[PDB]
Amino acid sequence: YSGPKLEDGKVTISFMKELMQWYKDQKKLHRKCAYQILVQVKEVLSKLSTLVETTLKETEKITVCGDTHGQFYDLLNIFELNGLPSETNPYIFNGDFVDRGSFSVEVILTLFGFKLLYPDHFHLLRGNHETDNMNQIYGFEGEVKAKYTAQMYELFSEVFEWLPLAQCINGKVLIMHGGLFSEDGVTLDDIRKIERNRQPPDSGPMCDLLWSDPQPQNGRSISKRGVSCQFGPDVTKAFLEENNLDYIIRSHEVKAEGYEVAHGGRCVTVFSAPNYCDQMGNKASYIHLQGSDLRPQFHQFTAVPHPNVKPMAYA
């Protein structure tokens, strides 16, 4: 093995560039480097609040991406389009890094590696697919067992349970993967107290944050997903009012243009997996915010070439 090696047991910026090239060429990170990343990233993530609270000063910016779904070569395209993560080019990836696409291992190890290199500026939130249920069925477990072992997979599963569930920028924008809640009256403080290091339950706030979807009409509906609900603009507006927030950003649904802004501006969807599963034909986007003006700016982009491995080949 002549592949990327950690320097003094730790991730550095040449290690990350070597890993990206290595993975682009479709090679495997040695199992012990992988293990060292996973156990160090568990340690980092387990000190985080369930709600990450970040301050963006006026000349600072942050990029928000939504679901990426094992589409590694499109992840590389985002970094070419937008620049590598760094203390001055912060990122939040809003859940759903794995499943569906067949380069989930490459995506998750690159994002974990960057979380290690810039822990105050590179942010990962849980989505509905960072879960054992989902991974068993949709590709990730099959992929970790083909490339590594059942054991390495259990370690992934445990790391995911410590990924924070939401992030609030400047007490004004809150970002979560799914959306808002199936009961009124939830506060940021309640979110901060969810004990997140578990598989999600069937109902309740932790389930809503990973699973819920906005609807255009006022009220709440039973979800067609079979879990959580659909929340209308009256839901968003009461939630934003009680918590003193401006709007939320979520992901969790494919959009033709890569973004949508529902609820009169209050509920934004960002989706970062272009030509999702090699089929949907959609565009993707990411959002920039800056401290002096937190309104979202969307940047769209389309799929790039990748190796001939079919989506879900590992399911």
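A residue's number is simply how far along the shown sequence it sits, counting from 1.
Judged by mean Cα B factor in the deposited record, 117 to 125 ranks above the other of 159 to 167 and 117 to 125.
Looking at 103 to 111 and 130 to 138 together, the entry lists the larger mean B-factor for 130 to 138, computed on C-alpha atoms.
Within the listed group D234, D74, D189, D208, the record reports its top CA B-factor for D189. Set against one another, the Cα B-factors of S221, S203, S212, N94 in the record reach their highest point at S203.
Annotation for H177: C-alpha temperature factor in the lowest third relative to the rest of the modelled chain, per the entry.
When all modelled residues of the chain are sorted by CA temperature factor, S46 is found within the middle third. Remark: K57 belongs to the highest third of its chain, ranked by C-alpha B-factor as recorded. For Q151, the recorded CA B-factor ranks within the highest third of the chain. Only modelled residues enter the ranking. Per the deposited record, the Cα B-factor of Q297 falls in the middle third when ranked against the other modelled residues of its chain.
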